[PDB]
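A single chain, nothing else alongside it, follows as structure tokens in the form deposited in one PDB entry.
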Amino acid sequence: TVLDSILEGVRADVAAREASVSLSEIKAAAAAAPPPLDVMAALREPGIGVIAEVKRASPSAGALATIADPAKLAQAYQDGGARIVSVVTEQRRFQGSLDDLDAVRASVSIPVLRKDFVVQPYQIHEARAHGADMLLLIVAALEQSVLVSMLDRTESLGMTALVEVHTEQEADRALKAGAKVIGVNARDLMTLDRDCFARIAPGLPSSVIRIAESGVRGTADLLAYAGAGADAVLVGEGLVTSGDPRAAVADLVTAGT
């Protein structure tokens, strides 16, 4: 599948990074990093949280933006009222890197989500070492035992897992794994194509934070997700392509007013 191809590339890239920066070294770096921010507290703040994303490109969109200065973009995001900044760090298909994560972490006070394809423990310590407070885990990409393992390790480092699902059954798996935050991706990663959040959201325990991860083109989309019980929404394409990201974020942040 499309997701399979991405994971194959990811596993090779992770292995090459590990050859130059050992697991022992990255574990030490993670342990030495300032503790992660309380992501759950951020997600529980009043109002629909906007998770604004740094993303240069994607399999579905192709090239979106050059983003020569991801730190400056993230600063605009925070200025606009974003709750969390998402930073894509996958290089082959999204043209992101850990350098983007470093830049953003140094530039904003809000929590930072590492958006990548996490398949092994190295990437978790790596995320923490580079200042991530939140880490994406993709149910479609992970066998249940692996998902549970990855989630446990994420939380052991003080980070919050954004557990991404595309189906009700995946939502059920996520809950069983101990997910406290569930994101719904309207895109099928196998093929790149729902009505998803609305179908899936109602079934989640009230205690679990619900995030709509895609399809936000403006306030109307955000409000529709909110009406279906979203606690936050993730927005990338519409922001990275904006000439005025601060204003575009502020518009979404104040949606419904």
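All residue numbers are counted from 1 along the displayed sequence. Take the two forms, find the largest set of C-alpha atoms that superpose within 1.5 Å, and that set is the rigid core.
Only in words, not in the display: the form deposited in another entry, which the text now covers.
A.B. asks: If you fit the rigid core between the shown form and the other one, which of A65, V208, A42, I48 ends up with a C-alpha shift of 2 Å or more?
C.D. replies: So the only displaced C-alpha belongs to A65.
A.B. asks: At a 2 Å cut-off on C-alpha positions, does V240 qualify as shifted between the shown form and the other one after fitting the rigid core?
C.D. replies: True for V240: a C-alpha shift of 2 Å or more.
A.B. asks: Has the Cα of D221 moved 2 Å or more between the shown form and the other one, judged after a core fit?
C.D. replies: No, shifts by less than 2 Å.
A.B. asks: At a 2 Å cut-off on C-alpha positions, does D188 qualify as shifted between the shown form and the other one after fitting the rigid core?
C.D. replies: After core superposition, the displacement of the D188 C-alpha between the shown form and the other one reaches the 2 Å mark, so yes.
A.B. asks: Where do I182 and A61 end up in that other deposited form, Cα atoms closer or farther than shown, with a change of 3 Å or more?
C.D. replies: Residues separate in that other deposited form, at least 3 Å farther apart.
A.B. asks: Considering a change of 3 Å or more, are the Cα atoms of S60 and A74 closer or farther in that other deposited form than here?
C.D. replies: They are closer; the C-alpha distance drops by 3 Å or more in that other deposited form.
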